[PDB]
Amino acid sequence: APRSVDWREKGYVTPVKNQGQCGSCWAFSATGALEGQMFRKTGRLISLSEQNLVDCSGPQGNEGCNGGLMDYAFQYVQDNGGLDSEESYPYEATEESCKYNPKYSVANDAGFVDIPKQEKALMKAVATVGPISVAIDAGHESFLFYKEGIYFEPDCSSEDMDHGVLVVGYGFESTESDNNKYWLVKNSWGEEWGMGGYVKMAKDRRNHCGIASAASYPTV
Ligand SMILES: *C(=O)NNC(=O)[C@H](Cc1c[nH]c2ccccc12)NC(=O)OC(C)(C)C
């Protein structure tokens, strides 16, 4: 695999969004991965509606602002036959009744692929597919205050994740501890968090924060 990857430079990634206080991280991670695969297919980057997923993908197993799973979102887009654009179905950060309109659908998928639970397999998928939806243990104050550098939390759990995010690449930089590799991760807490809304999460450190434990992407 390459030593560094960044799908933003290939046009695969929309700007950082903000989920607000709604527990809709799974919808932002899913739209991010579908934005990437739709761009891969059509050459057009179109921001997708997280509110569409929050309001409408309950029958696939999601629970709106109380949480959800990216794979359930991908299943919804397949079952539903479409997904509306962000512009047509904007984000309200609260659960409401479903308002999907097929006339404004701009994305589809035919299922999803679950990556094996190893960082080596996540690296291969990131290098060859595009941005990948992942779940991480983000439940630590160090994650809230992250400013720059490679994020490493000694209390992070590799098995108990609470937050869906999007791996858009990976790379390296020299560090004091010589733990130099990172996953380049797009969050959904706005631009003021982290590095413009991004975090470099420790890579190849025993599946830090569980980043390779629930990785997947839609098939387009
Ligand atoms: C985000 O704003 N809130 N978190 C979530 O929605 C949870 C994210 C999560 C945790 N573990 C995951 C594995 C695979 C995909 C997403 C994952 N989701 C969550 O708590 O889901 C319910 C248990 C269904 C509520």
Side-chain angles (χ1 to χ4, degrees), residues 5 7 13-14 16-37 48 50 53-54 57-58 60-77 109 111-126 129-144 146 150-170 181-190 193-194 197-219:
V5 171
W7 290 106
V13 189
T14 62
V16 170
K17 302 173 179 182
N18 198 333
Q19 61 182 96
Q21 287 311 301
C22 168
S24 56
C25 63
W26 57 271
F28 286 87
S29 170
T31 59
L34 200 47
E35 285 157 358
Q37 292 313 281
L48 297 184
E50 295 80 25
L53 298 170
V54 165
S57 65
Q60 289 73 28
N62 286 327
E63 311 186 348
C65 291
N66 303 330
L69 308 184
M70 289 77 91
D71 281 359
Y72 290 166
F74 301 145
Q75 189 77 238
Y76 164 82
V77 177
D109 73 44
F112 58 88
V113 169
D114 283 336
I115 297 153
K117 285 141 206 315
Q118 296 167 313
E119 280 184 284
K120 277 172 261 209
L122 179 55
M123 179 171 51
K124 293 190 227 102
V126 174
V129 175
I132 306 297
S133 293
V134 303
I136 56 153
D137 175 10
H140 301 83
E141 162 189 277
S142 50
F143 193 79
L144 288 172
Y146 170 81
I150 298 184
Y151 177 78
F152 180 75
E153 170 46 67
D155 192 26
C156 229
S157 173
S158 293
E159 318 308 5
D160 280 26
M161 298 85 83
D162 64 5
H163 186 45
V165 293
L166 183 77
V167 175
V168 306
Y170 58 83
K181 288 176 288 165
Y182 63 83
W183 302 103
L184 178 59
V185 169
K186 178 191 203 206
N187 200 6
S188 51
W189 291 357
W193 180 83
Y198 277 88
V199 53
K200 298 174 193 145
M201 299 199 64
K203 175 172 173 277
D204 300 324
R205 305 200 60 174
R206 319 224 68 110
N207 187 31
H208 183 64
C209 301
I211 192 156
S213 298
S216 70
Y217 61 91
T219 67

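Note: hydrogens, waters and symmetry copies are ignored here, and every other heavy atom, side chains too, is used. Along the sequence shown, the residues carry numbers beginning at 1.
To the nearest 0.5 Å, the span separating CG on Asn18 from CH2 on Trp189 amounts to 10.0 Å. In this structure, the separation between CD1 on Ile132 and NZ on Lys124 is 12.5 Å, given to the nearest 0.5 Å. Between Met70 atom CE and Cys25 atom SG the span is 7.0 Å, to the nearest 0.5 Å. The line from CD1 of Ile136 to CG of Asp160 is 13.5 Å long, rounded to the nearest 0.5 Å. To the nearest 0.5 Å, atom CZ of residue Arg205 and atom CD1 of residue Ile211 are 13.5 Å apart. The line from CD of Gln75 to CG of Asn62 is 10.5 Å long, rounded to the nearest 0.5 Å.
A donor-acceptor pair under 3.5 Å links the side-chain atoms of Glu153 to the main chain of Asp155, judged by distance alone. Of the possible polar contacts, none joining the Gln118 side chain to the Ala121 backbone as a donor-acceptor pair under 3.5 Å is found. No donor-acceptor distance shorter than 3.5 angstrom exists from the side chain of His208 to the backbone of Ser158, with no hydrogens or angles considered.
The nearest pair of heavy atoms linking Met161 to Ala135 is CG-O, 3.4 Å. Here the shortest heavy-atom pairing between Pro131 and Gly36 reads CD-CA, 4.4 Å. Closest of all the heavy-atom pairs between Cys209 and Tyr151 is SG-CE2, 4.2 Å. Contact record, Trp7 with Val126: NE1-O, 2.7 Å, taken as the closest heavy-atom pair. The minimum heavy-atom distance between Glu35 and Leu48, with the atom names listed, is OE2-N, 2.9 Å.
Under the 4.5 Å side-chain criterion, counting only non-hydrogen atoms from C-beta, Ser188 is not in contact with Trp26. Proximity of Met123 to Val5: side-chain heavy atoms (C-beta onward) are nowhere separated by under 4.5 Å. Residues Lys200 and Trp183 have side chains not in contact (no heavy-atom distance under 4.5 Å, counting atoms from C-beta outward). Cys156 has its side chain within reach of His140: a pair of non-hydrogen atoms, C-beta onward, lies under 4.5 Å apart. With contacts defined as side-chain heavy-atom distances shorter than 4.5 Å, the pair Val13/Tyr198 qualifies. Here the side chains of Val134 and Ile115 are not in contact, with every heavy-atom distance at 4.5 Å or above. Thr219 is not listed as a side-chain neighbour of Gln37, based on a closest heavy-atom distance of 4.5 Å or more. Contact annotation: the side chain of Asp162 approaches that of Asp137 to within less than 4.5 Å [non-hydrogen atoms, C-beta and beyond].
Side-chain contact check for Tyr217 and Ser133: no donor-acceptor pair (N or O, by modelled atom type) lies under 3.5 Å. Inspection of the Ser213 and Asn207 side chains reveals an N or O donor paired with an N or O acceptor under 3.5 Å. With 3.5 Å as the limit, one finds a donor-acceptor pair spanning the side chains of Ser216 and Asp71. In this model, no donor atom of one side chain and acceptor atom of the other lie less than 3.5 Å apart for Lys186 and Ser29.
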Test log, rule side-chain contact (heavy atoms from CB on, under 4.5 Å), inputs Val77 and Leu53: CA-CA 8 Å; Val77 177; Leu53 298 170; 4.2 Å; yes
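The pair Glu50-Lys17 counts as a salt bridge, with a side-chain nitrogen and a carboxylate oxygen less than 4.0 angstrom apart.
Using cut-offs of 30° and 60° for the angle between ring planes, the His163 and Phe143 rings count as perpendicular. Note: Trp193 and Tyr146 have tilted aromatic rings, judged against thresholds of 30 and 60 degrees for the angle between ring planes.
A cation-pi arrangement, defined by a distance under 6.0 Å to the six-membered ring centre and an angle within 45 degrees of its axis, is present between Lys203 and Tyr170.
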